[PDB]
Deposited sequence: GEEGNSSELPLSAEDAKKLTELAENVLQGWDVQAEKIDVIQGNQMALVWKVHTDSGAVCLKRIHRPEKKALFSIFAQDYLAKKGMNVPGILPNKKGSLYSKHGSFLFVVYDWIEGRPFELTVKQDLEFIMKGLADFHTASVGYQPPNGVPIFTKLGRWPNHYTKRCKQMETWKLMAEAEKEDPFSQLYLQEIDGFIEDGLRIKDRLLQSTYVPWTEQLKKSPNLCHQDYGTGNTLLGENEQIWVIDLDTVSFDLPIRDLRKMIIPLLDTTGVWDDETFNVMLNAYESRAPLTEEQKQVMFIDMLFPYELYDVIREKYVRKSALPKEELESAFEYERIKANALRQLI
């Protein structure tokens, strides 16, 4: 939203679109930089991918694979030279079909069920994808134990700068209670190493599914004939499918009050109706859900980003970890 800056971006789109055979009539800047390009009668999406060329290609080819396989992801329009993308400077440009649909309302039960079935569809459909020759794989298979340790060591490291701010309620409460959550973090790592996590990750290294890694109401839509579409595949990588469940369910249920088990059931039941999980697989998920990822995000706002948050937000983050621990104690 600006004066000369808006016409600057519009002119970039017009210049880049010459590479495709698209009748550009009206161009709107939306969001990575995204444009809605209106044509004769129906639109296309022009996206400037921000990410480095190696990671960019992995997701571009992943999307082409999924689109051509029949999964509900926007298809890629080939350019005049027959390629899925054009390189200009340090950026990749891609033209996708603009999908028409409404966003989901997480307070409505049927939408919560739709969004989970689409996640299951995405996971199942992605199995078989391998990037082309020269494009390296992006994978996190078998890395969670190290990722937990890096985070438990990072929470210890932040006590150095926590002790620096002597007259600060957030840092005062942090120095008093954080050790108990760090200890539990490393104990959750130990529980993960006794689960089927390792054999499961090793079996998937051979024929892996993709994890979306940023799945939510911002990247999904309900189109015609109640079809669920997944829109932004820029952060896809190979990982256990349960990562997307955790990453979607735990933040949604974040609360200082009561654990919403009904919503938890509605979401897992909907996911499992299309991609059922064994008891062992679910154990791995529940173990991962106990790790303090949401507490970490709240701590990262205060020490890395330096946002002066008050004591209430730290205690509120600790309380959700306790509430969640009680809710999942019998499932791990």
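Novice: Note down, first to last, the deposited-sequence stretches for which the model contains no C-alpha atom.
Specialist: In the chain as deposited, 1-10, 42-45 carry no coordinates.
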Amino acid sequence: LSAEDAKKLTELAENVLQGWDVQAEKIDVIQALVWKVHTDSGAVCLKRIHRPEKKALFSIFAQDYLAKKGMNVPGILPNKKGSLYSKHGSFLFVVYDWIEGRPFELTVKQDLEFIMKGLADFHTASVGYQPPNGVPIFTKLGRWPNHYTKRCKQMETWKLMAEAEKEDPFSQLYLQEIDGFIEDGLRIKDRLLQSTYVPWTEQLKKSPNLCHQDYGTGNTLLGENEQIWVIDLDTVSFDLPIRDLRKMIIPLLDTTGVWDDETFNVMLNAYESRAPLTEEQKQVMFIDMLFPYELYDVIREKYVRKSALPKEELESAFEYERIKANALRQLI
From here on, numbers count along this sequence of modelled residues.
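Novice: Hey, which bit's got the bigger mean C-alpha B factor in the entry, 314-322 or 17-25?
Specialist: Averaging CA B-factors over each stretch, the winner is 17-25.
Novice: Return whichever of 49-57 and 273-281 has the greater mean Cα B factor according to the PDB record.
Specialist: Averaging CA B-factors over each stretch, the winner is 49-57.
Novice: Compare the CA B factors listed in the entry for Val266, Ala67, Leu33, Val37 and report the winner.
Specialist: If I rank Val266, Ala67, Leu33, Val37 by C-alpha B-factor, first place goes to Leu33.
Novice: Mind checking which third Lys302 falls in for C-alpha B-factor across the chain?
Specialist: Lowest third of the chain for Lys302's C-alpha B-factor.
Novice: Can you tell me which third, lowest, middle or highest, the CA B-factor of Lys80 falls into for its chain?
Specialist: Answer is lowest: the recorded C-alpha B-factor places it there.
Novice: Please say which third, lowest, middle or highest, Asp239 falls into when its CA temperature factor is compared across its chain.
Specialist: It belongs to the lowest third of the chain when residues are ordered by C-alpha B-factor.
Novice: Check where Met155 lands among this chain's C-alpha B-factors and tell me if it's the lowest, middle or highest third.
Specialist: CA B-factor rank for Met155: highest third.
Novice: Going by the CA temperature factor in the PDB record, which third of the chain does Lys117 belong to: lowest, middle or highest?
Specialist: Middle third - that is where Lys117 ends up once the chain's C-alpha B-factors are sorted.
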